[PDB]
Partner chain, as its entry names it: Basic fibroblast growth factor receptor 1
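Given as structure tokens, the chain that follows is alone and in the form deposited without its partner chain.
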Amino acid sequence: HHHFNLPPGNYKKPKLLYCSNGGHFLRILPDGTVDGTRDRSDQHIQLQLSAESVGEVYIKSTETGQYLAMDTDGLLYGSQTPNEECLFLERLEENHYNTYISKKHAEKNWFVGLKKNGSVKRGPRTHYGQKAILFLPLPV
């Protein structure tokens, strides 16, 4: 369903997922809530990515051990255990950024995305060409 242009990074270290849309870092709160924060000091923005298959990743909270996931209704949530909803297709975009597509809902083009106000976008509201879907992985 999608291209195979991969980003040049690795999973050796944890990262911050910076969204240029509103300038927020992806955050997974202890209660499972998912959103964005501009506070670089936040303890819930440190994420550990790992590869399942080439270009297939898990995005986990280093702080809580929770996995980023997208539900049946396109909502992002923090999962205690890895499941099919936790896999994302990590790709290069605009020859620079990182995008994350819901593997489970790949055919629907549901991406991980942050609005300018720091709220997460619902899968069906996302789409190729948006700024909300563009992330820059930063060192922690």
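Positions refer to the first chain, counted from 1.
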Practice task
Give the stretch, out of 33-41 and 92-100, with the larger mean C-alpha temperature factor in the deposited entry.
Solution key: 33-41
Completion exercise
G129: C-alpha B-factor third of its chain, per the entry, is the middle
Practice task
Looking at the entry's B-factor column for C-alpha atoms only, identify whether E84 ranks in the lowest, middle or highest third of its chain.
Solution key: middle
Handout entry: Third of the chain, ranked by Cα B-factor, where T62 sits
Key = highest
Completion exercise
Binned into thirds over the chain's modelled residues, the C-alpha B-factor of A106 lands in the middle
Practice task
Sort the modelled residues of this chain by their C-alpha B factor and say whether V112 lands in the lowest, middle or highest third.
Solution key: lowest
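Form deposited with its partner chain bound: not shown, discussed below.
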Practice task
Give a yes or no for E52: in the deposited complex, does one of its heavy atoms lie within 4.5 Å of a heavy atom belonging to its partner chain?
Solution key: yes
Practice task
Spell out, yes or no, whether the shortest heavy atom distance between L92 and its partner chain in the deposited complex is within 4.5 Å.
Solution key: yes
Exercise for the section: Indicate whether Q46 is a 4.5 Å heavy atom neighbour of its partner chain in the deposited complex. Expected result: no
Practice task
Give a yes or no for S79: in the deposited complex, does one of its heavy atoms lie within 4.5 Å of a heavy atom belonging to its partner chain?
Solution key: no
